[PDB]
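To keep things clear, I will list the structure first and then write my remarks on it.
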Amino acid sequence: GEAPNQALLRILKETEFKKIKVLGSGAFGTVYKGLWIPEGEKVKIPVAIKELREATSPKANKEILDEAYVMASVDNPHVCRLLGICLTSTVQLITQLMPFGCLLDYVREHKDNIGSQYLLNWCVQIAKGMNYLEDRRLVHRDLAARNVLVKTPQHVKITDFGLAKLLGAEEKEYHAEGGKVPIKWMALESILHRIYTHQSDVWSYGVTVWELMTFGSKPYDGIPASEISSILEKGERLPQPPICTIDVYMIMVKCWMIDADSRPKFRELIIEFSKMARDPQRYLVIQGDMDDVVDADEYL
Ligand SMILES: CN[C@@H]1C[C@H]2O[C@@](C)([C@@H]1OC)n1c3ccccc3c3c4c(c5c6c(n2c5c31)CCCC6)C(=O)N=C4
């Protein structure tokens, strides 16, 4: 909140990259899979190119730019690497290709093959992304299994900074305005007061971990979002997933304490899951247990 942010924003020529397929699309614009072939560097970087939507509202561009702002000011193995923007009519965000898609889909699609080892490693890896975000005094405000992408089954990275807010000169909490937020992932203090802290991010972590352990269930599957604040005030939380020893579950529960300072610090989460990741089967009981291409992580 006083350190100058000297991250470099890279402006890309539209002709430095070719689109190949079309990955997702819809409510935002279109995401393409493609390659970024800088200058005459002899490298090709698999990328994901997200473009505005077309029909350019001064509303849309102001946001993809905020995101670009945020994404350019982070550099961590567990946070998504933003390559640059391309300033065409329609602004494109260019980021690292996460070939295995997002983690939420990946656990669903692969239930019968996910071992305790992967699950705990993911948990540790996310804990690391977030603890780094906490260092950068950054509040994600939208942590969920949908917003973690899979670069390889053993390497996940946090994504989606369309809510992330950077904490100004020593603020503690962010006092957000109105507007849509995913209710089933939010700390209670967030629902009732729109306060967001690093600790409200812990809460969402707790739910993310619960999405992982139930191989992609939907939290409060039945309950509609309107009831939630009450239900949680009742002192009720999510069920202990089947595969989960009490050790693991106890940690989820801690992330869900009302007294935000009572919940654990990402640095502690790292320690705890990493102790557990040394003996995965003690904590999760799972039945069965082209030529010039370079990954963005090696292009510096
Ligand atoms: C719903 N499910 C979709 C699968 C997909 O389209 C979507 C639109 C969806 O999820 C949000 N989507 C995005 C939507 C908004 C921002 C970024 C993405 C996105 C990215 C990537 C995606 C990939 C695949 N989608 C990728 C991406 C499909 C599998 C290969 C990689 C990627 O590598 N970096 C970013």
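Order determines the names: the first chain of the structure tokens is A, the second B, and so forth; residues in each chain are numbered 1 upward, and ligands are numbered 1 upward as they are shown.
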
Quick one: everything within 7 Å of range 267-271 of chain A, counting only C-alpha atoms, minus sequence neighbours fewer than 5 positions away in the same chain. Send it as a PyMOL selection string.
-> chain A and resi 124+127-128+131

May I have the residues within 7 Å of ligand 1, computed using only C-alpha atoms and all ligand atoms, as a list in words?
->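 With only C-alpha atoms and all ligand atoms and a cut-off of 7 Å, ligand 1 is contacted by residues 23, 24, 25, 31, 48, 50, 95, 96, 97, 98, 99, 100, 101, 102 and 160 of chain A.
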
Export, as a short mmCIF file (atom, residue, chain, number, x, y, z; two decimals), in the first residue's frame, the selected residues with N, CA, C and O atoms.
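Contents of the output file out-v6.cif:
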```
data_model
loop_
_atom_site.label_atom_id
_atom_site.label_comp_id
_atom_site.auth_asym_id
_atom_site.auth_seq_id
_atom_site.Cartn_x
_atom_site.Cartn_y
_atom_site.Cartn_z
N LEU A 23 -12.02 -23.14 -27.52
CA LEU A 23 -12.27 -23.33 -26.06
C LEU A 23 -13.67 -22.92 -25.60
O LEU A 23 -14.66 -23.41 -26.14
N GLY A 24 -13.79 -22.01 -24.63
CA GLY A 24 -15.14 -21.62 -24.22
C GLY A 24 -15.75 -20.53 -25.08
O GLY A 24 -15.27 -20.26 -26.18
N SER A 25 -16.82 -19.91 -24.58
CA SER A 25 -17.53 -18.82 -25.28
C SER A 25 -18.88 -18.51 -24.64
O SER A 25 -19.54 -19.40 -24.09
N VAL A 31 -13.27 -17.25 -25.68
CA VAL A 31 -11.89 -17.65 -25.35
C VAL A 31 -11.36 -18.55 -26.46
O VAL A 31 -12.02 -19.49 -26.83
N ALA A 48 -4.14 -18.71 -23.95
CA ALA A 48 -5.56 -18.58 -24.03
C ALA A 48 -5.82 -17.12 -24.23
O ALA A 48 -5.39 -16.29 -23.43
N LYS A 50 -8.63 -14.37 -24.54
CA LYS A 50 -10.00 -13.97 -24.20
C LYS A 50 -10.29 -12.62 -24.82
O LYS A 50 -9.54 -11.66 -24.57
N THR A 95 -3.33 -14.97 -21.81
CA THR A 95 -2.79 -15.64 -20.66
C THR A 95 -2.29 -17.01 -21.05
O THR A 95 -2.53 -17.45 -22.16
N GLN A 96 -1.60 -17.66 -20.12
CA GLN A 96 -1.13 -19.02 -20.25
C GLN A 96 -2.24 -20.05 -20.46
O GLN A 96 -3.24 -20.10 -19.68
N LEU A 97 -2.07 -20.88 -21.49
CA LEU A 97 -2.94 -22.05 -21.70
C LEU A 97 -2.88 -23.10 -20.57
O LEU A 97 -1.84 -23.69 -20.32
N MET A 98 -4.02 -23.33 -19.91
CA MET A 98 -4.16 -24.35 -18.87
C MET A 98 -4.86 -25.57 -19.45
O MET A 98 -6.08 -25.71 -19.32
N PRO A 99 -4.08 -26.46 -20.07
CA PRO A 99 -4.67 -27.39 -21.03
C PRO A 99 -5.75 -28.25 -20.43
O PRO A 99 -6.68 -28.57 -21.14
N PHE A 100 -5.67 -28.59 -19.15
CA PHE A 100 -6.61 -29.54 -18.57
C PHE A 100 -7.88 -28.92 -18.06
O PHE A 100 -8.67 -29.55 -17.36
N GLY A 101 -8.08 -27.67 -18.44
CA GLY A 101 -9.27 -26.90 -18.06
C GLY A 101 -9.28 -26.62 -16.56
O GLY A 101 -8.25 -26.76 -15.86
N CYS A 102 -10.45 -26.25 -16.07
CA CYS A 102 -10.56 -25.90 -14.69
C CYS A 102 -10.75 -27.12 -13.79
O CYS A 102 -11.22 -28.18 -14.24
N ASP A 160 -9.10 -16.11 -12.42
CA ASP A 160 -10.24 -15.20 -12.34
C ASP A 160 -10.10 -14.05 -11.37
O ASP A 160 -10.49 -14.14 -10.22
#
```

Name all residues at most 12 Å from residue 181 in chain A (count only C-alpha atoms; drop same-chain ones fewer than 3 positions away) and give them as a PDB file with N, CA, C and O atoms, in the first residue's frame.
```
ATOM      1  N   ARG A 141     -11.642 -12.478  -3.473  1.00  0.00           N
ATOM      2  CA  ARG A 141     -13.130 -12.407  -3.429  1.00  0.00           C
ATOM      3  C   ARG A 141     -13.919 -13.374  -4.342  1.00  0.00           C
ATOM      4  O   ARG A 141     -15.152 -13.332  -4.346  1.00  0.00           O
ATOM      5  N   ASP A 142     -13.243 -14.236  -5.100  1.00  0.00           N
ATOM      6  CA  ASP A 142     -13.972 -15.244  -5.854  1.00  0.00           C
ATOM      7  C   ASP A 142     -13.257 -16.605  -5.968  1.00  0.00           C
ATOM      8  O   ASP A 142     -13.214 -17.218  -7.052  1.00  0.00           O
ATOM      9  N   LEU A 143     -12.696 -17.070  -4.850  1.00  0.00           N
ATOM     10  CA  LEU A 143     -12.032 -18.355  -4.801  1.00  0.00           C
ATOM     11  C   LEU A 143     -13.082 -19.456  -4.816  1.00  0.00           C
ATOM     12  O   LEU A 143     -14.032 -19.414  -4.032  1.00  0.00           O
ATOM     13  N   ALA A 144     -12.923 -20.415  -5.716  1.00  0.00           N
ATOM     14  CA  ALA A 144     -13.819 -21.541  -5.842  1.00  0.00           C
ATOM     15  C   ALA A 144     -13.130 -22.529  -6.772  1.00  0.00           C
ATOM     16  O   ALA A 144     -12.227 -22.174  -7.545  1.00  0.00           O
ATOM     17  N   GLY A 162     -11.596 -11.071 -11.708  1.00  0.00           N
ATOM     18  CA  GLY A 162     -12.645 -10.113 -11.974  1.00  0.00           C
ATOM     19  C   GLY A 162     -13.380  -9.719 -10.723  1.00  0.00           C
ATOM     20  O   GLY A 162     -14.536  -9.362 -10.779  1.00  0.00           O
ATOM     21  N   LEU A 163     -12.736  -9.795  -9.576  1.00  0.00           N
ATOM     22  CA  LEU A 163     -13.384  -9.358  -8.354  1.00  0.00           C
ATOM     23  C   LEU A 163     -12.294  -8.947  -7.431  1.00  0.00           C
ATOM     24  O   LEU A 163     -12.518  -8.190  -6.499  1.00  0.00           O
ATOM     25  N   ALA A 164     -11.093  -9.421  -7.733  1.00  0.00           N
ATOM     26  CA  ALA A 164      -9.955  -9.191  -6.882  1.00  0.00           C
ATOM     27  C   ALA A 164      -9.865  -7.698  -6.595  1.00  0.00           C
ATOM     28  O   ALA A 164     -10.075  -6.884  -7.482  1.00  0.00           O
ATOM     29  N   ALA A 176     -17.295  -3.424  -0.163  1.00  0.00           N
ATOM     30  CA  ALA A 176     -17.825  -3.498  -1.533  1.00  0.00           C
ATOM     31  C   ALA A 176     -19.192  -2.880  -1.696  1.00  0.00           C
ATOM     32  O   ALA A 176     -19.952  -2.775  -0.730  1.00  0.00           O
ATOM     33  N   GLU A 177     -19.508  -2.494  -2.931  1.00  0.00           N
ATOM     34  CA  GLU A 177     -20.822  -1.918  -3.245  1.00  0.00           C
ATOM     35  C   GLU A 177     -21.846  -3.042  -3.426  1.00  0.00           C
ATOM     36  O   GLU A 177     -21.639  -4.130  -2.888  1.00  0.00           O
ATOM     37  N   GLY A 178     -22.939  -2.784  -4.154  1.00  0.00           N
ATOM     38  CA  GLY A 178     -23.901  -3.833  -4.542  1.00  0.00           C
ATOM     39  C   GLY A 178     -23.328  -4.695  -5.654  1.00  0.00           C
ATOM     40  O   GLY A 178     -22.120  -4.710  -5.867  1.00  0.00           O
ATOM     41  N   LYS A 184     -22.727 -18.850  -2.026  1.00  0.00           N
ATOM     42  CA  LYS A 184     -22.416 -20.111  -1.387  1.00  0.00           C
ATOM     43  C   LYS A 184     -20.922 -20.318  -1.069  1.00  0.00           C
ATOM     44  O   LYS A 184     -20.542 -21.365  -0.532  1.00  0.00           O
ATOM     45  N   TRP A 185     -20.086 -19.326  -1.396  1.00  0.00           N
ATOM     46  CA  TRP A 185     -18.659 -19.392  -1.134  1.00  0.00           C
ATOM     47  C   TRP A 185     -18.203 -18.340  -0.187  1.00  0.00           C
ATOM     48  O   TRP A 185     -17.027 -18.309   0.105  1.00  0.00           O
ATOM     49  N   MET A 186     -19.108 -17.482   0.296  1.00  0.00           N
ATOM     50  CA  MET A 186     -18.702 -16.257   1.025  1.00  0.00           C
ATOM     51  C   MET A 186     -18.812 -16.326   2.522  1.00  0.00           C
ATOM     52  O   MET A 186     -19.767 -16.872   3.075  1.00  0.00           O
ATOM     53  N   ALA A 187     -17.828 -15.732   3.178  1.00  0.00           N
ATOM     54  CA  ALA A 187     -17.855 -15.596   4.600  1.00  0.00           C
ATOM     55  C   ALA A 187     -19.173 -14.949   4.993  1.00  0.00           C
ATOM     56  O   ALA A 187     -19.831 -14.287   4.188  1.00  0.00           O
ATOM     57  N   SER A 190     -19.249 -11.243   5.016  1.00  0.00           N
ATOM     58  CA  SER A 190     -19.363 -10.731   3.648  1.00  0.00           C
ATOM     59  C   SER A 190     -20.810 -10.631   3.242  1.00  0.00           C
ATOM     60  O   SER A 190     -21.236  -9.619   2.692  1.00  0.00           O
ATOM     61  N   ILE A 191     -21.589 -11.665   3.518  1.00  0.00           N
ATOM     62  CA  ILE A 191     -23.029 -11.606   3.208  1.00  0.00           C
ATOM     63  C   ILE A 191     -23.744 -10.440   3.942  1.00  0.00           C
ATOM     64  O   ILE A 191     -24.440  -9.661   3.318  1.00  0.00           O
ATOM     65  N   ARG A 194     -20.913  -6.819   3.619  1.00  0.00           N
ATOM     66  CA  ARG A 194     -20.007  -6.751   2.451  1.00  0.00           C
ATOM     67  C   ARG A 194     -18.557  -6.445   2.764  1.00  0.00           C
ATOM     68  O   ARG A 194     -17.859  -5.799   1.981  1.00  0.00           O
ATOM     69  N   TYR A 196     -14.844  -7.836   3.062  1.00  0.00           N
ATOM     70  CA  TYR A 196     -13.994  -8.862   2.476  1.00  0.00           C
ATOM     71  C   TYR A 196     -12.574  -8.691   2.997  1.00  0.00           C
ATOM     72  O   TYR A 196     -12.019  -7.612   2.960  1.00  0.00           O
ATOM     73  N   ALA A 225     -29.950 -19.466  -2.508  1.00  0.00           N
ATOM     74  CA  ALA A 225     -29.013 -18.488  -1.977  1.00  0.00           C
ATOM     75  C   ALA A 225     -29.611 -17.527  -0.921  1.00  0.00           C
ATOM     76  O   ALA A 225     -28.897 -17.005  -0.045  1.00  0.00           O
TER      77      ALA A 225
END
```

Between CA of residue 132 in chain A and CA of residue 76 in chain A - distance in Å to one decimal =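 A separation of 7.2 Å between them.
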
For residue 209 in chain A, list every protein, DNA or RNA residue within 10 Å, evaluated using only C-alpha atoms, and leave out those in the same chain fewer than 5 positions away; present the list as a list in words.
-> residues 119, 120, 122, 123, 126, 144, 145, 203, 204, 214, 215, 216, 248, 249, 251 and 252 of chain A
